[PDB]
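Chemist: Pasting the sequence and an experimental structure:
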Amino acid sequence: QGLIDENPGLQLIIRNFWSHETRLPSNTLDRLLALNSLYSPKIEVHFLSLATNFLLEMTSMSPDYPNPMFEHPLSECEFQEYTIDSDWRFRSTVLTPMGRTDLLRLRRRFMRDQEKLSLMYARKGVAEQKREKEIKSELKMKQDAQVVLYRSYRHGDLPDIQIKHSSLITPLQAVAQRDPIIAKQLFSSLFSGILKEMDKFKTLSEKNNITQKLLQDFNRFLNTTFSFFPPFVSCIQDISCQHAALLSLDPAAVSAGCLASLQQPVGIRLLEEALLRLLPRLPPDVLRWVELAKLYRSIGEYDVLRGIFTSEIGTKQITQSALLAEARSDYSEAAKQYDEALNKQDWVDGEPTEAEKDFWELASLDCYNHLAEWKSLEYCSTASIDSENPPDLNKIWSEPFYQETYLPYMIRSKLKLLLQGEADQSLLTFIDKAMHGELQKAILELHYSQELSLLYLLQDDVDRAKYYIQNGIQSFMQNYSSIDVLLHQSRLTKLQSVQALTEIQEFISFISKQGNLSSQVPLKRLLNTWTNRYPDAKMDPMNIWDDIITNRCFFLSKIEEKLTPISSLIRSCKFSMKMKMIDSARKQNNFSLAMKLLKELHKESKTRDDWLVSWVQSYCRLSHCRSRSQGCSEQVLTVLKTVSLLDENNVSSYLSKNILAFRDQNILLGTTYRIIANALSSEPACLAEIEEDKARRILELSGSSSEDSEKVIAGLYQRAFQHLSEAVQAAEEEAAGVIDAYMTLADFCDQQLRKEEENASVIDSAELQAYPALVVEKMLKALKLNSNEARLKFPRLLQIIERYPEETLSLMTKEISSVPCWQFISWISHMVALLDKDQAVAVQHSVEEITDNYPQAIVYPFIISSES
Amino acid sequence: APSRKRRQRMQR
Amino acid sequence: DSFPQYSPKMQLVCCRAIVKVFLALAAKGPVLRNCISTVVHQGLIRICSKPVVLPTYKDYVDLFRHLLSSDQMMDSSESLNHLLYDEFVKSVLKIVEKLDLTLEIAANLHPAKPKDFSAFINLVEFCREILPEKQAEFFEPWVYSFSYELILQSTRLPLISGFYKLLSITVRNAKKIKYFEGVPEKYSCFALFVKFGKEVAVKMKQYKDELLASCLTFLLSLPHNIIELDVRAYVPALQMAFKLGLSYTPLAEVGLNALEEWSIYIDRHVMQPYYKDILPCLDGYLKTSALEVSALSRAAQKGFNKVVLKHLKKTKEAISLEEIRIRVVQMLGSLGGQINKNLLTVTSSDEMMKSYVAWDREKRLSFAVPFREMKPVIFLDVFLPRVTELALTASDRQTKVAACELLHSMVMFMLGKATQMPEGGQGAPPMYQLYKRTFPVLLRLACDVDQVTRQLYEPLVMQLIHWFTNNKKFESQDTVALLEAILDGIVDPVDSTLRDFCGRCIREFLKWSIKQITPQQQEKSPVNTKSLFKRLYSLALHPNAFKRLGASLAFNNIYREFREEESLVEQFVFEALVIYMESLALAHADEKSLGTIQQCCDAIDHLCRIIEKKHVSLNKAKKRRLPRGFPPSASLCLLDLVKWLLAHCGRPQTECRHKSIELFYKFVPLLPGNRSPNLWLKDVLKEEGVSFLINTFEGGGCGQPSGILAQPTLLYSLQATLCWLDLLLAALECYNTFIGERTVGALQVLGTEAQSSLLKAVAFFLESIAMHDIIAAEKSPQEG
DNA sequence: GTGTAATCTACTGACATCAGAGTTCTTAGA
């Protein structure tokens, strides 16, 4: 530890102590081997730069160190010395146009006014007091800005190529001393160069001993690191991936290190190289194969977990079933499957491994965390550690498994329960005990400084919250800066924490301020910004989403109490904030979390027209996206039964006070009818005949009045079509508007066309005297705008307006010639070739415009469509 | 469905 | 004048004395009020003329702060502290009007006199410390008048940095008092700052060093209500502020305040497209993580006695780089997750996917470490992708310089290893793929801010540029990679000082392409000498503004070659005058705030003066370089290419028609024989007739697309009709020059024969357009 | 001003002591 000491003078003496050829060997192999003994985890953030500083400084004595790298100048040229300013300056800071011989020294005299002499010391004392302050202020500026140059430079007409070996190796060390990710590159390259070299000198009998020795050390490094510093954890694993024997590294140690250090790809290639090299005999090597799966599942690569768990190895197909359900985001079904895997008490073909039992334990802990089942997750994360009824949380430190796997979810789930009002003193006493031990303190305040800063803030220790959150920002920057630039998923999954830390930090500011807390005025301003500062609803996963929102919720309740002596403000934010978590859960396809949120807000939403209409709209949106995959028959239950009743509301006809909600409801109930009818088009003969009981009358009131078994779908489609058409009239009474409404008609109409072309329905043909005319005008009205779905769909027109010829009139006569001509270049070769068909009357005006505006665009394919 | 567990002993 | 000399409690007692005499005068009514104004004016002159080096302005600011702030002295005042603030701020406008600030003999000049100019610089750094955010209605009467009168001074004198400093204080003080809210003199000061903001947002695209930092500090300080007027004008100022700030901390501090204010108040759907290239500049502030015994300590050691309280009570400037680092993490989170994804290079794309391949197919730079037992090998080409990023973007200064001297020693290694000939061609030259990737880094890092970096790499790039012209190597693709690196350097769309350097680099590359190489190959063997000119022409004719800009910046340097050597290649610039003057056909239409290209037409002054020294050979026979804009090749070509400038007068492009006209009126006595504009014009007006002069004083530009047709514009509306309003403007400015220079008989000019513009169009403009246009059509900010 | 003396004035434990208050007895006593 004296080898990281704060004073550069003591930091140098201990370096110079270990560098001595009796403390630490002089030959390069035994030096490289011995440096593995110069570690304990309290040094880890510095280690790579020290190991490299001990190897390259062995060259400080080498016969080549003062030789030139190249023997001759580039040509005949001449060179000089030089100097660099290097003192006080960055360029952008000054304005443009500006004693036996000497014993005479004992000749002296002294004041006799003690008063005048005291005035001299007062005048000196005030000048000194200013001089002290200004020189401290200058030493502040110059402390940040001081530098040193490690090589000397020449000057001349040409580059001074003949530099000494010294002049590259000194700066190469001086950078590696100073940036960790260069210290990773350098130790790796230099180490792998040393082990390539020993084959020049030493036998198989030595190389057995050496590679067993290095492997024996690297097991220790991965099993004893506590801070998992990403450049160090990755370095050992780059190195051990290059060579046989080293490649045998302890896989549960490797996987824990990579999972915690957030650096999965390098850990994967090691286990991958093992799984081929150690097996070019018990087939499965399950400890390597299942730990490789555990690494891939962390990076979210579910679609390759099929290729691990094919039943030829790891033969417990319950794992394959469980993985399939979470690959579809049925975390509730996946949580059931792992639960029964752990409960199944005897096995044909014999029991699963400790490796798989632990995999099911970790994967199921994670399922309850993608769900929001905090009481189940808190129970589960505490149940496996101790044999008491109230399990002793203090046992968690007993072996590195629990501290790796259980501790992260345990502290999260205790903390989540506190914030939603369950008053248990268990976590606060557990952390108070843990903070007695120096290693346990160093685990907590390094990995959990979010949870800890919330915990002390639940206690009103705003001072300890100020400490742990600031230390959360500093430990974020270290890890983020250290993740190497190519790891886009790793760096992206670090950024997700930066919003959470900033919600805490803003609130700790706000609660401290006397002028802010007194009255409502800046609280409205805070409430405004939080109402539109979300994470990425398309990309950021739900476990960072409910982090932001269960925190926002706590802060609003805490300010509410602090400013007791604004429910009409607070409820509006708390409800609209929670509504955004629902639609993002839907767009993330995570349904059971969305159900669980929906059912909670119903009894709040019932109180008001805007909250009720939004609750109905958000519940019915969620039913469509749910039903979309739900097989043959469960569709008509999951989208007719309740959803169709839910949009007809007497209270939702509140004089259509704003038209956007009417436009939105006018989509929802009609895409509802399409699904109900399209189910019966997938099979007519069974859905009604099997779903025989509760729905049939409300199904009749939801369709045509007739008991004719065929006409029900045409009745359903007729009331769908008019509702879809009503949505257009609301849409034209305001790019979120008409193009989305128009394209849903176009889709439904043209889907009825595809189905229609496969049979003969005359009375559908009769309303279809409108259908494709209402396709073409409204569908194409999109193409003046961005509208790329409709531009992708335009190849249909020219053949429907042949096989149903008459309605071609509705295309050319009005506004095909309104479409910006640059839209129609997309596949112009096809339309400009059709010029012999009568339908070329449609092509005419747009390819006239493209011939006028853009002859270069049409010419080349045109010369051969002109031919023949 | 309720979430249940039991203890485990790490064989090392 | 003596306040600085006292001890600290006695410097309070002095303020108390000088504060009480001012009250005592004001009680006498107005006969002494003008005397109050004279004392603070007089005292201020004596402090701002107190000397300074790089008893001082900092020794006085405590007095003036107490004086201009201390509200308690009346009871233990507000109407005094108000009045005296008004007298103080008045004296600033009196003193600046007393200064001349003349600039005659961007480093190529000196101010009038040092005993004047230094008084401005002191007044600046003084008034900066004492004016800001007094609020309290004390500044409200002054905002419009103070800004307007100081803006005039800056428009008189660009390249005087202090006016941007005093105006940055003015506009930040205004922002905090809620002055521009709701858009009276207020909507005059609004339009004043709107057009001044647009105007300097052009001007700074030519500025540099500490001038650039001062006008950046002005630009980013403008209020959100103005900034939303075409945000894309201001975006490259904030990108540039972050670029500077990581080697000059207070500019990073400004940049974060600007991004904070824009983030919270500008409309979300307006702002969204720009985060995509604001955010990626922040990586530097979090790119590296940078890896006592004072008197109170010893005092508190002996015991917690009374003495400790004295030290602690006595114990009780720039933002630290530690404060900026936490501020940028906090501010980055403050955009929310929807936005802050944009810190990583792009959203998920080919763009980062293209980065997974190593910079070379096989390992160059195999380097044997000097051990005593052995010689293990490192391949150094794995270190470059990270060391290059450190050398530019490391915010910790000690990391930065050490990463430079590694890259310096590593590019020395590079040149040497290539020159041993590890392989001699027969494909991609060894390390060409490194050179193509490291040369653009070497430019960006010569004109880095950090002066220790600049003193290392400016000489090194010129040193490389010498070596890469040579008897073998002038033909090498090493030099093709080098040339195309530098001629992408001059283009850069987000840096003003890189382009200047790359121009000066092209200057030197051209010099040694004459001086060092044997010309026997040089006529046609290389890909350098003419290949510079033919490459430049494309960049000028390009529709992208920065390509247009780049091509000019190259010539703005290389003028000194035609002042030196090129007696035959004189013709190539005779080609280039048309090619470049026609690039100004592209200038007028758009891009105005980014496009400083119109001022870069003053490069053509050299392409005039080369004639004015050499004209006698510009009518020598049989020199027939093919030009642009002239179908037939010719031998006395060199006369009628002055008739081409006359033909190129009345085009709609407003700058090009000006440039053509003065250049023509000079070129005319620069023909042989008849040598006065009137006396040479005498022949064309006597023989061609006024119908030809009509076809060449209304009809001009890209041949004649019917420029004499006056009635259709009246009758035929579309925004494109403004290009004809400019054609009319040219169809005035022609007649504006001929009769005023006394070159034509005036009643010949205002002709009977179809002169329809002055006959119909001017009349209609006055009768029916010029006052007629609340909202109107000939049949938003665009109209306004 | 800043720092190191030298040295006065406090506080406490402990011991004597006046006063002041609680307690039993004589004479003068309805």
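Modeler: Received, thanks. Numbers count the residues shown, from 1 in each chain, chains lettered A, B, ... in the order given.

Chemist: Distance-wise, check the spatially most central residue of chain B relative to residue A:484.
Modeler: With distances taken as CA atoms, centre = their mean, chain B has residue B:6 as the residue nearest its mean C-alpha position (3.5 Å). Per CB to CB, to the nearest Å, residue B:6 is found 42 Å from residue A:484. C-beta here means a position set from N, CA and C on the backbone, and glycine is covered the same way.

Chemist: Identify the residues contacting residue 3.
Modeler: Let's take chain A. The neighbours of residue A:3, taking CB atoms under 8 Å, 6 or more residues apart in numbering or on different chains as the test, are A:11, A:14-15, A:18, A:38, A:43, A:46, A:50.

Chemist: that's the wrong chain, I wanted chain C
Modeler: Counting by CB under 8 Å, 6+ apart, residue C:3 makes contact with C:11, C:14-15, C:18, C:59-60, C:63.

Chemist: Would you check that residue C:74 makes contact with residue C:80?
Modeler: Yes: counting by CB atoms under 8 Å, residue C:80 is a contact partner of residue C:74 at 7.4 Å.

Chemist: returning to what we had before: now the two most distant members of the contacts of residue C:3.
Modeler: C:18 and C:59 (15.2 Å; CB to CB).

Chemist: Which helix runs longest in the chain?
Modeler: By default, I'm working from chain A. When chain A is parsed with DSSP state H, its longest helix is helix A:114-145.

Chemist: let's do chain C instead
Modeler: Chain C, longest helix under DSSP H: helix C:397-419.

Chemist: Check which helices and strands it sits against.
Modeler: With contacts taken as 3 or more CB pairs under 8 Å, 6 or more residues apart in numbering or on different chains; DSSP states H and E, helix C:397-419 sits against helix A:166-176, helix C:384-393, helix C:432-444, helix C:451-467.

Chemist: And the strands in chain B, which stretches?
Modeler: Counting by DSSP state E, chain B has no strands at all.

Chemist: Residue numbers of it in contact with chain A?
Modeler: With CB under 8 Å from any CB of the partner chain as the criterion, chain B comes near chain A at residues B:1-8, B:10-12.

Chemist: Please identify the one among those residues that lies nearest to residue C:220.
Modeler: Closest approach between these and residue C:220, by CB to CB: residue B:3, at 54.9 Å.

Chemist: Would you check how far apart that closest one and residue A:110 are?
Modeler: 90 Å.

Chemist: Restricted to helices, list the contacts of residue C:3.
Modeler: Members of the contacts of residue C:3 lying in helices (criterion: DSSP H): C:11, C:14-15, C:18, C:63.

Chemist: Quick one: neighbours of the closest residue to chain B within chain C, just the number.
Modeler: Relative to chain B, the nearest point of chain C is residue C:337 (30.3 Å; CB to the nearest CB). As a burial measure, residue C:337 scores 22 neighbours (other CB atoms under 10 Å in any protein chain shown).

Chemist: Touching, it and residue A:540? I think so.
Modeler: Yes: in this structure, residue C:337 is within contact of residue A:540 by CB under 8 Å, at 5.2 Å.

Chemist: Would stretch A:184-198 count as contacting chain C?
Modeler: Yes: Stretch A:184-198 is in contact with chain C by CB under 8 Å from any CB, via A:185-186, A:189-190, A:193-194, A:196-197.

Chemist: centroid residue for chain A?
Modeler: Note: chain A centre (CA atoms, centre = their mean) maps to residue A:493, 3.4 Å.

Chemist: isn't it right next to residue A:261, touching?
Modeler: No: in this structure, residue A:493 is not within contact of residue A:261 by CB under 8 Å, at 12.0 Å.

Chemist: Work out the gap between the longest helix of chain C and the centre of the chain.
Modeler: 31 Å (CA atoms, centre = their mean, to the nearest Å).

Chemist: between it and helix A:114-145, how big is the angle?
Modeler: Here helix C:397-419 runs at an angle of 40 degrees relative to helix A:114-145 (axes from the mean of the first three to the mean of the last three CA atoms, to 10 degrees).

Chemist: Compute the inter-axis angle for helix C:397-419 and helix C:451-467.
Modeler: Using the same axes, to 10 degrees: helix C:397-419 against helix C:451-467 is 10 degrees.

Chemist: Okay, angle between helix C:397-419 and helix A:166-176 too, please.
Modeler: Using the same axes, to 10 degrees: helix C:397-419 against helix A:166-176 is 140 degrees.

Chemist: quick one, what contacts the closest residue to DNA strand D within the stretch 101-250 of chain C?
Modeler: Closest residue of the stretch 101-250 of chain C to DNA strand D, CB to the nearest atom of the strand: residue C:129 (26.8 Å). Counting by CB under 8 Å, 6+ apart, residue C:129 makes contact with C:61, C:65.

Chemist: pretty sure it belongs to a strand, no?
Modeler: No: counting by DSSP: H, G, I helix; E, B strand; the rest coil, residue C:129 falls outside a strand, being helix.

Chemist: got the residue ranges for the strands in the stretch 151-300 of chain A?
Modeler: Along the stretch 151-300 of chain A, the stretches classed as strands by DSSP state E, counting those that start in this stretch are A:155-156.

Chemist: Over in the stretch 1-150 of chain A, which residue gets nearest chain B? Let me know.
Modeler: residue A:41 (20.9 Å).

Chemist: Now name the helix or strand holding the residue nearest to the centre of chain A.
Modeler: Assigning secondary structure by DSSP states H and E places residue A:493 in helix A:488-512.
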